[PDB]
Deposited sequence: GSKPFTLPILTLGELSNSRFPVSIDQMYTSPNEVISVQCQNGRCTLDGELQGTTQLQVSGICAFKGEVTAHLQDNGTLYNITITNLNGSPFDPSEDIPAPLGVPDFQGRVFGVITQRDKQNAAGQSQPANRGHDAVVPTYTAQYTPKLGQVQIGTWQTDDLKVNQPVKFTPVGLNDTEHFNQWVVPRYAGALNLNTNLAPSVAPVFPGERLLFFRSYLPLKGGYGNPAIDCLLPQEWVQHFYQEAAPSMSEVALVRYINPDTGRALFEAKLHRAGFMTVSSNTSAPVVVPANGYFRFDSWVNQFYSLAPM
């Protein structure tokens, strides 16, 4: 089966590491030469990796049960489908959980498991919450995270992400210790990097909302969520380690620039600057052909 990309403009692409629309394509800073994010990870032949799952509503979201009220609550997390999480499962953590250090802001909602006498429907409550992912309390692989905001113990919760609380401790390329400092992370999607001098990573960037403070925080993903979804659907065999892709202006049919789309599921370009890529609104990538690591990209 021939490999393809979905046909989607930048305005039709979603971030795979936070559930928001893409704002820009962006070339990696000089300091960012290797990354190992765990959401938005998928091989070109459709194998999801890391903590990647298919639903936008799963990205940086989680479900679980409140086990303790301390402003702070301990949550025993489940899989997103509500089934109990088995730490023995060969994934880094429940699929969808945040893959970066930061203070994730969203809303925790709670619907009671049973109805009160005289009520035909369950009681509900919900509150703003912060989920720190850089502290020892963030141990989703051990089945527990801590949130700060009442909430009932042993009643199920949903966390809907909105943005970051603030930029304190926001390091998008530092993978959390999913099982705490005593345990190595396991079953990680591998690190990716340019290996051709003068190439750098090409990111799909979103500027996340903030609850407060100064900032315009960026989260960069390797693949849009729709690309992950498409690759999984097609399951097209990869015929080499590198797919040459070109960004097309559809009304002219001309290629504006070219990029390497690597088998592991990430892109590199030939560029000397870290900056937003300025492109027409109607443009999109198209698969050209399979090449190899020695192929030299035209400067963009």
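Going by the record, the unmodelled stretches of the deposited sequence, in order, are 1 to 2, 73 to 76, 156 to 159.
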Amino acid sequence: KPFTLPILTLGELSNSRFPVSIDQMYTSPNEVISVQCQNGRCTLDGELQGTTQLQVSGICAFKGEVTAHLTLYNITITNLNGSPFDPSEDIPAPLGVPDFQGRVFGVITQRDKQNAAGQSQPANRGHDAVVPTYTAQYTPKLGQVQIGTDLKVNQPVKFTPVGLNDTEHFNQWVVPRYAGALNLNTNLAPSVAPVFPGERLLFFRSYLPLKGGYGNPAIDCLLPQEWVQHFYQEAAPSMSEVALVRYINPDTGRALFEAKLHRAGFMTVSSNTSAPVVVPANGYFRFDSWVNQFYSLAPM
From here on, numbers count along this sequence of modelled residues.
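Taking the mean C-alpha B-factor of each stretch as recorded, 54 to 62 and 251 to 259 are not equal, and the higher mean is that of 251 to 259.
Note on 186 to 194 vs 159 to 167: mean CA B-factor is higher in 186 to 194.
For the set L210, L201, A179, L72, the PDB entry assigns the largest Cα B-factor to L72. Within the selection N115, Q110, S206, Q172, the deposited Cα B-factor values reach their highest point at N115.
For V278, the recorded CA B-factor ranks within the highest third of the chain. Only modelled residues enter the ranking. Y284 sits in the middle third of its chain by CA B factor, as recorded in the PDB entry. In the deposited entry, the Cα temperature factor of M300 sits in the top third of values across the chain's modelled residues.
Among all modelled residues in its chain, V245 ranks in the middle third by Cα B-factor.
In the PDB entry, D128 places in the middle third of its chain by CA B-factor.
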